[PDB]
>>> print(open('structure-v4.cif').read())   # mmCIF, N, CA and C atoms and all ligand atoms
data_work
loop_
_atom_site.label_atom_id
_atom_site.label_comp_id
_atom_site.auth_asym_id
_atom_site.auth_seq_id
_atom_site.Cartn_x
_atom_site.Cartn_y
_atom_site.Cartn_z
N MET A 1 0.91 -1.20 0.00
CA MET A 1 0.00 0.00 0.00
C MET A 1 0.93 1.22 0.00
N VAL A 2 2.11 0.92 -0.37
CA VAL A 2 3.22 1.93 -0.38
C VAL A 2 3.46 2.67 -1.71
N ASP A 3 2.69 2.42 -2.73
CA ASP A 3 3.04 2.55 -4.10
C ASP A 3 3.33 3.96 -4.56
N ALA A 4 2.72 5.02 -4.12
CA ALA A 4 3.08 6.32 -4.73
C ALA A 4 4.44 6.79 -4.16
N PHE A 5 4.98 6.17 -3.08
CA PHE A 5 6.33 6.50 -2.58
C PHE A 5 7.45 5.93 -3.43
N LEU A 6 7.15 4.94 -4.25
CA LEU A 6 8.21 4.19 -4.92
C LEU A 6 8.84 5.05 -5.99
N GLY A 7 10.13 4.93 -6.15
CA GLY A 7 10.84 5.60 -7.21
C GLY A 7 12.11 6.27 -6.71
N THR A 8 12.65 7.12 -7.57
CA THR A 8 13.89 7.84 -7.33
C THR A 8 13.54 9.31 -7.10
N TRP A 9 14.09 9.88 -6.03
CA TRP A 9 13.71 11.20 -5.54
C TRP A 9 14.99 11.99 -5.24
N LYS A 10 14.94 13.30 -5.52
CA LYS A 10 16.09 14.16 -5.31
C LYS A 10 15.76 15.27 -4.33
N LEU A 11 16.69 15.60 -3.43
CA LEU A 11 16.43 16.67 -2.45
C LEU A 11 16.40 18.03 -3.18
N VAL A 12 15.33 18.80 -2.89
CA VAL A 12 15.16 20.13 -3.50
C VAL A 12 14.90 21.21 -2.45
N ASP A 13 14.78 20.91 -1.17
CA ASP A 13 14.62 21.93 -0.14
C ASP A 13 14.96 21.28 1.19
N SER A 14 15.54 22.06 2.11
CA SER A 14 15.81 21.54 3.44
C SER A 14 15.68 22.68 4.46
N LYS A 15 14.93 22.38 5.53
CA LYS A 15 14.71 23.33 6.62
C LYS A 15 15.07 22.65 7.94
N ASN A 16 15.97 23.29 8.69
CA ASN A 16 16.31 22.87 10.06
C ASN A 16 17.08 21.55 10.13
N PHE A 17 17.73 21.13 9.06
CA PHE A 17 18.52 19.89 9.14
C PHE A 17 19.70 20.06 10.09
N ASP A 18 20.31 21.24 10.16
CA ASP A 18 21.39 21.42 11.12
C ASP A 18 20.88 21.21 12.54
N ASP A 19 19.71 21.77 12.85
CA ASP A 19 19.19 21.56 14.21
C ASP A 19 19.03 20.06 14.49
N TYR A 20 18.44 19.33 13.54
CA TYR A 20 18.20 17.90 13.73
C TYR A 20 19.53 17.16 13.94
N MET A 21 20.49 17.40 13.07
CA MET A 21 21.80 16.76 13.23
C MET A 21 22.47 17.11 14.56
N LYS A 22 22.39 18.38 14.93
CA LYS A 22 23.04 18.76 16.18
C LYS A 22 22.36 18.05 17.35
N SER A 23 21.03 17.91 17.32
CA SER A 23 20.30 17.23 18.39
C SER A 23 20.78 15.79 18.54
N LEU A 24 21.08 15.14 17.42
CA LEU A 24 21.64 13.78 17.38
C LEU A 24 23.10 13.71 17.77
N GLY A 25 23.77 14.83 18.00
CA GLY A 25 25.18 14.81 18.38
C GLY A 25 26.14 14.72 17.21
N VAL A 26 25.67 15.03 15.99
CA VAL A 26 26.55 15.02 14.83
C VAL A 26 27.54 16.20 14.94
N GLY A 27 28.81 15.95 14.69
CA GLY A 27 29.84 16.97 14.80
C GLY A 27 29.75 18.03 13.73
N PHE A 28 30.38 19.19 14.05
CA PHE A 28 30.18 20.36 13.20
C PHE A 28 30.67 20.11 11.78
N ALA A 29 31.75 19.37 11.57
CA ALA A 29 32.30 19.22 10.22
C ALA A 29 31.35 18.39 9.37
N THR A 30 30.78 17.34 9.97
CA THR A 30 29.79 16.51 9.25
C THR A 30 28.56 17.36 8.95
N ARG A 31 28.08 18.12 9.93
CA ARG A 31 26.89 18.98 9.67
C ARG A 31 27.16 19.94 8.52
N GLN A 32 28.35 20.48 8.54
CA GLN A 32 28.75 21.43 7.53
C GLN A 32 28.62 20.77 6.12
N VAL A 33 29.28 19.63 5.83
CA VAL A 33 29.18 18.96 4.54
C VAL A 33 27.75 18.58 4.24
N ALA A 34 27.06 18.01 5.24
CA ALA A 34 25.68 17.57 5.05
C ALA A 34 24.77 18.73 4.63
N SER A 35 25.03 19.93 5.11
CA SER A 35 24.19 21.08 4.78
C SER A 35 24.29 21.49 3.32
N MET A 36 25.31 21.00 2.60
CA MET A 36 25.54 21.28 1.20
C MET A 36 25.35 20.05 0.32
N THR A 37 24.87 18.96 0.90
CA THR A 37 24.68 17.71 0.16
C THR A 37 23.22 17.56 -0.23
N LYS A 38 22.99 17.07 -1.46
CA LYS A 38 21.63 16.84 -1.95
C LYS A 38 21.49 15.36 -2.27
N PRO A 39 20.99 14.55 -1.35
CA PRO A 39 20.90 13.12 -1.64
C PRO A 39 19.83 12.79 -2.67
N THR A 40 20.02 11.59 -3.20
CA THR A 40 19.02 10.88 -3.98
C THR A 40 18.52 9.71 -3.14
N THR A 41 17.20 9.63 -2.98
CA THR A 41 16.59 8.53 -2.25
C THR A 41 15.83 7.65 -3.24
N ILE A 42 16.10 6.35 -3.16
CA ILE A 42 15.47 5.37 -4.06
C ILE A 42 14.67 4.42 -3.18
N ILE A 43 13.37 4.31 -3.46
CA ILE A 43 12.48 3.45 -2.67
C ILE A 43 11.92 2.42 -3.64
N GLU A 44 12.17 1.15 -3.37
CA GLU A 44 11.69 0.06 -4.22
C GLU A 44 11.03 -0.99 -3.34
N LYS A 45 10.13 -1.75 -3.96
CA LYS A 45 9.49 -2.87 -3.26
C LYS A 45 9.65 -4.12 -4.08
N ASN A 46 9.69 -5.23 -3.34
CA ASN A 46 9.66 -6.58 -3.92
C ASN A 46 8.80 -7.41 -2.98
N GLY A 47 7.55 -7.62 -3.39
CA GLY A 47 6.63 -8.21 -2.45
C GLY A 47 6.47 -7.34 -1.25
N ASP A 48 6.57 -7.96 -0.09
CA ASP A 48 6.43 -7.25 1.18
C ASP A 48 7.68 -6.51 1.64
N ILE A 49 8.76 -6.61 0.90
CA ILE A 49 10.04 -6.04 1.34
C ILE A 49 10.31 -4.72 0.61
N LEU A 50 10.53 -3.67 1.40
CA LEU A 50 10.95 -2.38 0.87
C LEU A 50 12.46 -2.25 1.02
N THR A 51 13.09 -1.62 0.03
CA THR A 51 14.49 -1.24 0.12
C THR A 51 14.58 0.25 -0.14
N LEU A 52 15.23 0.95 0.79
CA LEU A 52 15.36 2.41 0.75
C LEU A 52 16.85 2.73 0.74
N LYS A 53 17.29 3.26 -0.41
CA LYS A 53 18.67 3.66 -0.61
C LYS A 53 18.75 5.19 -0.49
N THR A 54 19.79 5.67 0.17
CA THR A 54 20.06 7.12 0.21
C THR A 54 21.49 7.29 -0.28
N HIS A 55 21.63 7.99 -1.42
CA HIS A 55 22.91 8.13 -2.07
C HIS A 55 23.33 9.60 -2.09
N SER A 56 24.62 9.83 -1.91
CA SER A 56 25.11 11.19 -2.05
C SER A 56 26.61 11.17 -2.27
N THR A 57 27.15 12.37 -2.49
CA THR A 57 28.59 12.55 -2.57
C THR A 57 29.27 12.48 -1.23
N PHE A 58 28.56 12.37 -0.12
CA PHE A 58 29.15 12.34 1.20
C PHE A 58 28.99 10.98 1.86
N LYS A 59 27.76 10.63 2.24
CA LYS A 59 27.40 9.34 2.86
C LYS A 59 26.43 8.59 1.92
N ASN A 60 26.50 7.24 1.89
CA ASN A 60 25.45 6.39 1.35
C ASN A 60 24.89 5.46 2.44
N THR A 61 23.60 5.15 2.38
CA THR A 61 22.99 4.12 3.22
C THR A 61 22.03 3.27 2.39
N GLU A 62 21.73 2.10 2.92
CA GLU A 62 20.68 1.25 2.35
C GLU A 62 20.08 0.43 3.48
N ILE A 63 18.76 0.37 3.51
CA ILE A 63 18.03 -0.49 4.44
C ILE A 63 16.99 -1.29 3.66
N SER A 64 16.74 -2.52 4.13
CA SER A 64 15.60 -3.31 3.68
C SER A 64 14.77 -3.71 4.88
N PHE A 65 13.46 -3.71 4.69
CA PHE A 65 12.57 -4.00 5.81
C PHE A 65 11.21 -4.44 5.28
N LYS A 66 10.51 -5.17 6.14
CA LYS A 66 9.08 -5.42 5.94
C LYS A 66 8.31 -4.42 6.79
N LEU A 67 7.18 -3.79 6.31
CA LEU A 67 6.40 -2.91 7.14
C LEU A 67 5.96 -3.66 8.36
N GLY A 68 6.04 -2.98 9.50
CA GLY A 68 5.52 -3.52 10.72
C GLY A 68 6.37 -4.54 11.38
N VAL A 69 7.61 -4.76 10.90
CA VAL A 69 8.50 -5.74 11.49
C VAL A 69 9.80 -5.03 11.87
N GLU A 70 10.19 -5.11 13.11
CA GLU A 70 11.40 -4.44 13.58
C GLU A 70 12.63 -4.97 12.85
N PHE A 71 13.60 -4.07 12.64
CA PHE A 71 14.86 -4.43 12.02
C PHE A 71 15.97 -3.63 12.71
N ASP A 72 17.18 -4.21 12.72
CA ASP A 72 18.36 -3.48 13.13
C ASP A 72 18.81 -2.54 12.02
N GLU A 73 19.31 -1.37 12.40
CA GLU A 73 19.78 -0.38 11.45
C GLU A 73 20.99 0.32 12.03
N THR A 74 21.93 0.66 11.15
CA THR A 74 23.07 1.50 11.50
C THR A 74 22.97 2.74 10.61
N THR A 75 22.70 3.88 11.24
CA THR A 75 22.33 5.07 10.49
C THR A 75 23.54 5.74 9.84
N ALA A 76 23.25 6.77 9.03
CA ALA A 76 24.31 7.48 8.31
C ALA A 76 25.34 8.09 9.26
N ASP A 77 24.87 8.49 10.45
CA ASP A 77 25.71 9.05 11.51
C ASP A 77 26.13 7.98 12.53
N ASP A 78 26.04 6.70 12.16
CA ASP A 78 26.64 5.59 12.90
C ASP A 78 25.93 5.26 14.21
N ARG A 79 24.66 5.62 14.36
CA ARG A 79 23.87 5.12 15.48
C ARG A 79 23.38 3.70 15.15
N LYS A 80 23.48 2.81 16.15
CA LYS A 80 22.93 1.46 16.03
C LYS A 80 21.58 1.45 16.73
N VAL A 81 20.51 1.31 15.94
CA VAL A 81 19.16 1.54 16.40
C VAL A 81 18.27 0.33 16.09
N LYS A 82 17.15 0.29 16.78
CA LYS A 82 16.06 -0.65 16.52
C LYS A 82 14.99 0.14 15.76
N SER A 83 14.61 -0.33 14.58
CA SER A 83 13.75 0.44 13.70
C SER A 83 12.49 -0.32 13.33
N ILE A 84 11.45 0.45 13.03
CA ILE A 84 10.23 -0.13 12.46
C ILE A 84 9.61 0.93 11.56
N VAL A 85 9.09 0.48 10.44
CA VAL A 85 8.46 1.38 9.46
C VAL A 85 7.01 0.87 9.27
N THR A 86 6.07 1.79 9.20
CA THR A 86 4.67 1.48 9.01
C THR A 86 4.06 2.55 8.14
N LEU A 87 2.83 2.27 7.76
CA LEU A 87 1.98 3.26 7.12
C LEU A 87 0.96 3.75 8.16
N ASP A 88 0.81 5.06 8.26
CA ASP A 88 -0.04 5.67 9.29
C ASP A 88 -0.63 6.91 8.66
N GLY A 89 -1.94 6.92 8.42
CA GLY A 89 -2.53 8.08 7.77
C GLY A 89 -2.02 8.33 6.39
N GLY A 90 -1.59 7.28 5.72
CA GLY A 90 -1.01 7.39 4.38
C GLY A 90 0.46 7.81 4.39
N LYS A 91 1.03 8.05 5.53
CA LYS A 91 2.42 8.48 5.68
C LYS A 91 3.27 7.25 6.01
N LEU A 92 4.49 7.26 5.49
CA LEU A 92 5.42 6.18 5.82
C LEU A 92 6.17 6.65 7.07
N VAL A 93 5.98 6.02 8.23
CA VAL A 93 6.52 6.44 9.52
C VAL A 93 7.64 5.47 9.92
N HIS A 94 8.84 5.98 10.02
CA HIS A 94 10.03 5.21 10.42
C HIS A 94 10.42 5.69 11.82
N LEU A 95 10.34 4.78 12.80
CA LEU A 95 10.71 5.06 14.17
C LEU A 95 12.02 4.33 14.48
N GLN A 96 13.00 5.07 15.01
CA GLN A 96 14.27 4.53 15.46
C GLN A 96 14.39 4.71 16.97
N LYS A 97 14.94 3.65 17.62
CA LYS A 97 15.12 3.62 19.04
C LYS A 97 16.53 3.20 19.38
N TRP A 98 17.06 3.89 20.37
CA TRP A 98 18.38 3.46 20.84
C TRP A 98 18.64 4.16 22.17
N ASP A 99 19.17 3.44 23.14
CA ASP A 99 19.59 4.12 24.40
C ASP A 99 18.42 4.85 25.05
N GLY A 100 17.18 4.42 24.84
CA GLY A 100 16.02 5.12 25.36
C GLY A 100 15.61 6.36 24.54
N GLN A 101 16.41 6.78 23.59
CA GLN A 101 16.12 7.86 22.66
C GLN A 101 15.24 7.37 21.54
N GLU A 102 14.56 8.30 20.90
CA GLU A 102 13.76 8.01 19.73
C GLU A 102 13.92 9.14 18.71
N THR A 103 13.80 8.76 17.44
CA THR A 103 13.61 9.75 16.39
C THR A 103 12.65 9.17 15.36
N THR A 104 11.87 10.04 14.73
CA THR A 104 10.99 9.63 13.67
C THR A 104 11.39 10.32 12.37
N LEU A 105 11.25 9.54 11.28
CA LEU A 105 11.45 9.98 9.91
C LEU A 105 10.12 9.70 9.21
N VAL A 106 9.36 10.75 8.93
CA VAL A 106 8.00 10.60 8.43
C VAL A 106 7.97 11.10 7.00
N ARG A 107 7.48 10.30 6.06
CA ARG A 107 7.39 10.68 4.67
C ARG A 107 5.92 10.76 4.26
N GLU A 108 5.59 11.83 3.55
CA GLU A 108 4.21 12.02 3.07
C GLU A 108 4.32 12.64 1.69
N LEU A 109 3.33 12.36 0.87
CA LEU A 109 3.23 12.96 -0.45
C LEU A 109 2.28 14.13 -0.38
N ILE A 110 2.76 15.28 -0.80
CA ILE A 110 1.99 16.54 -0.83
C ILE A 110 2.20 17.14 -2.24
N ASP A 111 1.12 17.21 -3.02
CA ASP A 111 1.21 17.77 -4.39
C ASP A 111 2.36 17.12 -5.18
N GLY A 112 2.47 15.81 -5.06
CA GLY A 112 3.47 15.08 -5.87
C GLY A 112 4.88 15.13 -5.31
N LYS A 113 5.13 15.90 -4.27
CA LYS A 113 6.45 15.99 -3.67
C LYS A 113 6.47 15.09 -2.44
N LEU A 114 7.64 14.55 -2.16
CA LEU A 114 7.76 13.76 -0.95
C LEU A 114 8.35 14.67 0.12
N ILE A 115 7.64 14.76 1.21
CA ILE A 115 8.03 15.59 2.33
C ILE A 115 8.47 14.66 3.46
N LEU A 116 9.75 14.82 3.84
CA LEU A 116 10.38 14.05 4.91
C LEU A 116 10.49 14.95 6.14
N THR A 117 9.84 14.56 7.21
CA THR A 117 9.91 15.30 8.46
C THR A 117 10.69 14.47 9.46
N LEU A 118 11.76 15.05 9.99
CA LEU A 118 12.70 14.39 10.91
C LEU A 118 12.57 15.06 12.28
N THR A 119 12.22 14.28 13.31
CA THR A 119 12.02 14.85 14.64
C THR A 119 12.91 14.12 15.63
N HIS A 120 13.67 14.85 16.42
CA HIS A 120 14.46 14.30 17.54
C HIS A 120 14.53 15.38 18.60
N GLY A 121 14.25 15.02 19.84
CA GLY A 121 14.22 16.06 20.86
C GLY A 121 13.15 17.08 20.50
N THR A 122 13.51 18.35 20.51
CA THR A 122 12.61 19.40 20.05
C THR A 122 12.81 19.75 18.59
N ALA A 123 13.85 19.22 17.95
CA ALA A 123 14.21 19.61 16.59
C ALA A 123 13.27 18.94 15.60
N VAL A 124 12.78 19.77 14.66
CA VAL A 124 11.89 19.32 13.59
C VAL A 124 12.44 19.86 12.28
N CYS A 125 12.87 18.95 11.41
CA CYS A 125 13.44 19.26 10.11
C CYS A 125 12.47 18.80 9.03
N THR A 126 12.31 19.64 8.00
CA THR A 126 11.50 19.28 6.86
C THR A 126 12.33 19.32 5.61
N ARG A 127 12.40 18.19 4.89
CA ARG A 127 13.15 18.07 3.67
C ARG A 127 12.21 17.66 2.55
N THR A 128 12.34 18.32 1.43
CA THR A 128 11.46 18.08 0.30
C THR A 128 12.21 17.41 -0.82
N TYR A 129 11.65 16.32 -1.32
CA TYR A 129 12.20 15.54 -2.41
C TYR A 129 11.23 15.60 -3.60
N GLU A 130 11.83 15.67 -4.79
CA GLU A 130 11.07 15.67 -6.06
C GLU A 130 11.40 14.38 -6.79
N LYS A 131 10.41 13.85 -7.50
CA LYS A 131 10.57 12.58 -8.20
C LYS A 131 11.34 12.74 -9.47
N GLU A 132 12.27 11.89 -9.73
CA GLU A 132 12.92 11.70 -11.03
C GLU A 132 12.18 10.68 -11.92
N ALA A 133 12.15 10.95 -13.21
CA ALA A 133 11.49 10.10 -14.20
C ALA A 133 12.24 8.80 -14.43
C1 LIG A 201 23.01 9.29 3.33
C2 LIG A 201 23.02 10.78 3.03
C3 LIG A 201 22.39 11.57 4.21
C4 LIG A 201 22.66 13.07 4.17
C5 LIG A 201 24.07 13.56 4.43
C6 LIG A 201 24.65 13.04 5.66
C7 LIG A 201 23.93 13.41 6.91
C8 LIG A 201 24.56 12.91 8.23
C9 LIG A 201 23.43 12.99 9.50
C10 LIG A 201 22.49 11.77 9.40
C11 LIG A 201 21.21 11.89 10.16
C12 LIG A 201 20.25 10.72 9.95
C13 LIG A 201 19.80 10.49 8.52
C14 LIG A 201 19.21 11.72 7.82
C15 LIG A 201 18.64 11.40 6.45
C16 LIG A 201 18.22 12.63 5.67
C17 LIG A 201 17.58 12.38 4.33
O1 LIG A 201 17.31 11.22 3.97
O2 LIG A 201 17.37 13.41 3.60
#
>>> encode(input="structure-v4.cif", output="C-alpha cells")
Amino acid sequence: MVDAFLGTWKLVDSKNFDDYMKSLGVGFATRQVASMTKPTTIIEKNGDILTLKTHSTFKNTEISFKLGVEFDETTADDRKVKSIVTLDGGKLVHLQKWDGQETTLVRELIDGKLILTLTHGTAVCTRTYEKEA
C-alpha cells in the first residue's frame, strides 16, 4: 500500500537539518558537509520487502525492511538503532530507538512531492524531495 512513494527522488529543499543533526550529536564538520549535500533517495518494493537507498557525494545508506517488522539499522551518523516502518494516515513512519532515545522519519506525499519530516528532541526538520522520471 506503499506505491506512490516508490521511485527515485532528489532533495530540493531543506529546513532545520542542522538543528536535527546537532540534536543527534553530529559533529560540526559533518553537519557542515551535510548542509551542502543533496541526496538521492530510491524506494523500491519486492513483495512485502521495501528497500530504501540514500545516495550522495558524502554518505550512502541502504536499508531493507518489511512494514511492521522491527529491524536493526546502522544510520548514516553511525547510530545502532532498533527500527520499524509502518503506514499511518497514508504516511510512511520510520521510528528509530536506541539508548532510550527516539527519532521519527515521516514521509508524506503533498502535491506530488515527498516531504520528509525528521524529529528528535525538540528539533523538527522538513526536507522536500522531487521525483525523477
Ligand atoms: C546518506 C546521506 C544523508 C545526508 C548527508 C549526511 C547526513 C549525516 C546525519 C544523518 C542523520 C540521519 C539520517 C538523515 C537522512 C536525511 C535524508 O534522507 O534526507
>>> closest_atom_pairs(input="structure-v4.cif", of="chain A", to="ligand LIG 201 (chain A)", cutoff="9 Å", atoms="only C-alpha atoms and all ligand atoms", output="tab-separated table")
residue	atom	partner	partner_atom	distance
A:11	CA	A:LIG201	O2	6.9
A:14	CA	A:LIG201	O2	8.3
A:17	CA	A:LIG201	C16	8.1
A:18	CA	A:LIG201	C9	8.8
A:20	CA	A:LIG201	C11	7.6
A:21	CA	A:LIG201	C9	5.5
A:22	CA	A:LIG201	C9	8.8
A:24	CA	A:LIG201	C11	7.5
A:26	CA	A:LIG201	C9	6.5
A:30	CA	A:LIG201	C8	6.4
A:31	CA	A:LIG201	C8	6.7
A:33	CA	A:LIG201	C5	7.4
A:34	CA	A:LIG201	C5	4.4
A:35	CA	A:LIG201	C5	7.5
A:36	CA	A:LIG201	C5	8.5
A:37	CA	A:LIG201	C5	6.0
A:38	CA	A:LIG201	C4	7.3
A:39	CA	A:LIG201	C2	5.6
A:40	CA	A:LIG201	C2	8.1
A:41	CA	A:LIG201	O1	6.8
A:53	CA	A:LIG201	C1	8.1
A:54	CA	A:LIG201	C1	4.8
A:55	CA	A:LIG201	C1	5.5
A:56	CA	A:LIG201	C2	5.5
A:57	CA	A:LIG201	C2	8.1
A:58	CA	A:LIG201	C5	6.1
A:59	CA	A:LIG201	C1	4.4
A:60	CA	A:LIG201	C1	4.3
A:61	CA	A:LIG201	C1	5.2
A:62	CA	A:LIG201	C1	8.4
A:75	CA	A:LIG201	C12	6.0
A:76	CA	A:LIG201	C10	4.8
A:77	CA	A:LIG201	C10	4.7
A:78	CA	A:LIG201	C10	8.2
A:79	CA	A:LIG201	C12	8.7
A:105	CA	A:LIG201	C15	8.1
A:116	CA	A:LIG201	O2	7.1
A:118	CA	A:LIG201	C14	7.7
A:126	CA	A:LIG201	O2	8.9
A:127	CA	A:LIG201	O2	6.3
A:128	CA	A:LIG201	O2	8.2
A:129	CA	A:LIG201	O2	8.2
>>> select_by_dssp(input="structure-v4.cif", residues="chain A", states="alpha helix (DSSP H)", output="VMD selection string")
chain A and resid 17 to 23 28 to 34
>>> axis_aligned_box(input="structure-v4.cif", around="segment 7-23 of chain A", padding_each_side="8 Å", output="AutoDock Vina command-line options")
--center_x 16.6 --center_y 14.1 --center_z 5.5 --size_x 28.9 --size_y 34.4 --size_z 42.1
>>> closest_residue(input="structure-v4.cif", among="A:64, A:51, A:83, A:8", to="residue 95 of chain A", atoms="all atoms listed in the file")
A:83
>>> atom_distance(input="structure-v4.cif", atom1="atom C of residue 93 of chain A", atom2="atom CA of residue 5 of chain A")
12.6 Å
>>> residues_around(input="structure-v4.cif", residues="residue 108 of chain A", least_positions_apart="5", cutoff="9 Å", atoms="only C-alpha atoms", output="NGL selection string")
:A and (5 or 90-93 or 113-117)
>>> atom_distance(input="structure-v4.cif", atom1="atom CA of residue 119 of chain A", atom2="atom C of residue 44 of chain A")
24.0 Å
>>> atom_distance(input="structure-v4.cif", atom1="atom C of residue 50 of chain A", atom2="atom N of residue 88 of chain A")
15.5 Å
>>> closest_residue(input="structure-v4.cif", among="A:15, A:28, A:80, A:111", to="residue 130 of chain A", atoms="only C-alpha atoms")
A:111
>>> select_by_dssp(input="structure-v4.cif", residues="chain A", states="strand (DSSP E)", output="ChimeraX atom specification")
/A:7-15,40-46,49-55,61-66,71-74,80-88,91-98,101-110,113-120,123-132
